[PDB]
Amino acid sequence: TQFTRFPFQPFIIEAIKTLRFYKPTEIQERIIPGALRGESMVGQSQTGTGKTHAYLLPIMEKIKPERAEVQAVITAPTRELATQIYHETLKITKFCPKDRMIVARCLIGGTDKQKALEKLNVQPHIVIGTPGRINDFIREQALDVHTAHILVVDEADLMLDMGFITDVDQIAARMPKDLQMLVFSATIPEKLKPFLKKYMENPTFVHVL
């Protein structure tokens, strides 16, 4: 595996090998180091687990397992997109050392019967979900994103299109001022720039072509 180029914890290296990842992709190569440094970034890329990993891997590297608080919030426009990111996350977390387990929950709602089954016992280290669903948890006083310093907005353009950027803004609103934001989008709509300018100052931009 070439991911050794990144200073990841052993368990992460092991997860990577298990994901059958030999050489970091372009999106990965350009995002990981920056992410690890704590830079806010905007990556223009096609959807894909390679891109998913560009953010998950560095995010896993920084969780503080000891602290049972939300440390990372990841948003996606659809239930399905969110579910897939959660799948990718579990393939990494299954490798955590037993006394240092990272917990992730996926909040996507669904039918009312489904919604009612979705509950938060603990404050997961990582919260994945659609923005409105995540807002529902905040609204219901069950989730504190104030402890999280990482926000990921995936498939940003589509997000905008479905009318969810207001939900995301809200969430980012409630997070620390010194927030690290990672945005991924195939494209950069005009109606999207303000959200970006608002929460990010001197963000690193990546484009894969």
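One-based numbering along the sequence shown.
When the two stretches 117-125 and 99-107 are set side by side, the higher mean Cα temperature factor goes to 117-125. According to the PDB record, 173-181 carries the higher mean C-alpha B-factor of the two stretches 173-181 and 140-148. For the set 68, 35, 57, 153, the PDB entry assigns the largest Cα B-factor to 68.
Among the modelled residues of the chain, residue 11 sits in the lowest third by CA temperature factor in this PDB entry. Sort the chain's modelled residues by C-alpha temperature factor and residue 17 lands in the lowest third, per the entry.
In the PDB entry, a CA B factor belonging to the highest third of its chain's modelled residues is recorded for residue 166.
Per-chain ranking of the deposited C-alpha B factor places residue 52 in the lowest third.
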